[PDB]
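# Inside the fold
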Amino acid sequence: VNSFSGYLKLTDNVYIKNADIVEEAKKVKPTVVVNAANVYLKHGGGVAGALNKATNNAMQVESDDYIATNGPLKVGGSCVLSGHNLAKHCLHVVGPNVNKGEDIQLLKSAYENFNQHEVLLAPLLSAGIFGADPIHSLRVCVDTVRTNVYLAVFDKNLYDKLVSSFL
Ligand SMILES: CC[C@@H](CNc1ncnc2nc[nH]c12)NC(=O)CC1CCCCC1
């Protein structure tokens, strides 16, 4: 038993809710919150800008030191950093950004990072400002992630469409 509330059950291991990931994080304080990152860990908008704003920019400061030491992430890759005031850890995961021309096949690789963590609070990768089909992202999630994932979808209208089309 965990502390996530009002999630609809999609599969054995995938749950979904119409919620702002920042508000879910602040209420739950999960072990892992997933950030929808880019390779430079420049957290400007969408999930990344919203989480970073909620950390008072501490996420960005930590991320800049990470990049200065390690260089950019790979598309499809990830790193574990602090969750600051939102979670124990933040798993920064880079899904492909279709609005930049990146291979959508890399979305499966991105979701594979979730399997290194038993339970995660996460957004829909590559969707929203990253430009990919959200129904496809949810499908890849369900077909790739084997650990327990609690998906927070910000847009109400999209959430209704995702559930109603899941089948
Ligand atoms: C589906 C991914 C999600 C990612 N963004 C966020 N996901 C969770 N919590 C967040 N808090 C702040 N941003 C958050 N984007 C949205 O839902 C917005 C809709 C995308 C399609 C077109 C209509 C808008």
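Each remark here, short or long, concerns the structure printed above.
In what follows, the accompanying structure is described.

### Section: the pairing of strand 3 (residues 32-36)
Strand 3 sits mainly inside the fold: five of its five residues count as buried. Burial along strand 3 is two-sided: the residues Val-32, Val-34 and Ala-36 and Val-33 and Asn-35 are all buried. Examined bridge by bridge, strand 3 and strand 5 (residues 89-93) share five bridges and lie parallel to one another. Within strand 5, the position partnered with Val-33 by the bridge is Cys-90.

### Quick look at the layout of surface pockets
The space that makes up the largest pocket amounts to roughly 430 Å³. Contributing to the lining of the largest pocket are 21 residues, with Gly-46, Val-47, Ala-127, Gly-128 and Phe-154 lying nearest its centre. Only helix 1 (21-28), helix 2 (46-54) and strand 7 (148-153) provide two or more residues apiece to the lining of the largest pocket. For the lining of the largest pocket, the element with the highest residue contribution is helix 2, accounting for three residues.

### A short note on unusual backbone geometry
One can expect most non-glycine residues to show negative phi and most peptide bonds to be in trans. One non-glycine residue, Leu-41, adopts positive backbone phi at about 50 degrees. Residue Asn-57 is not a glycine yet carries a positive backbone phi of 80 degrees. Examined against the element boundaries, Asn-57 turns out to sit in the loop between helix 2 and helix 3 (58-70). By relative accessible area, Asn-57 is classed as partly exposed at 36%.

Criteria and cut-off values
- Residues carry numbers counted from 1 along their chain as the sequence is written. These may differ from the entry numbering, and residues without coordinates are not shown.
- Where side-chain values are given, they derive from all heavy atoms of the structure, hydrogens and water being excluded.
- Think of it in three bands: with a 1.4 Å probe and only protein chains considered, a residue is buried below 20% of the maximum accessible area for its type, exposed above 50%, and partly exposed in between.
- Strands here are runs of E lasting at least two residues and helices are runs of H or I lasting at least four, both read from the DSSP assignment and numbered beginning at the N terminus.
- The pairing criterion for strands is at least two bridges between them, as found by DSSP.
- Cavity means a closed set of points on a 1 Å grid over the protein atoms alone, one where a 1.4 Å probe fits but cannot get out, pocket means an open set with protein on both sides within 12 Å along at least 5 of 7 lines, and lining means a residue has an atom within 4 Å of a point.
- Grid points are joined across faces, edges and corners, and a volume is the space filled by probe spheres set on the points.

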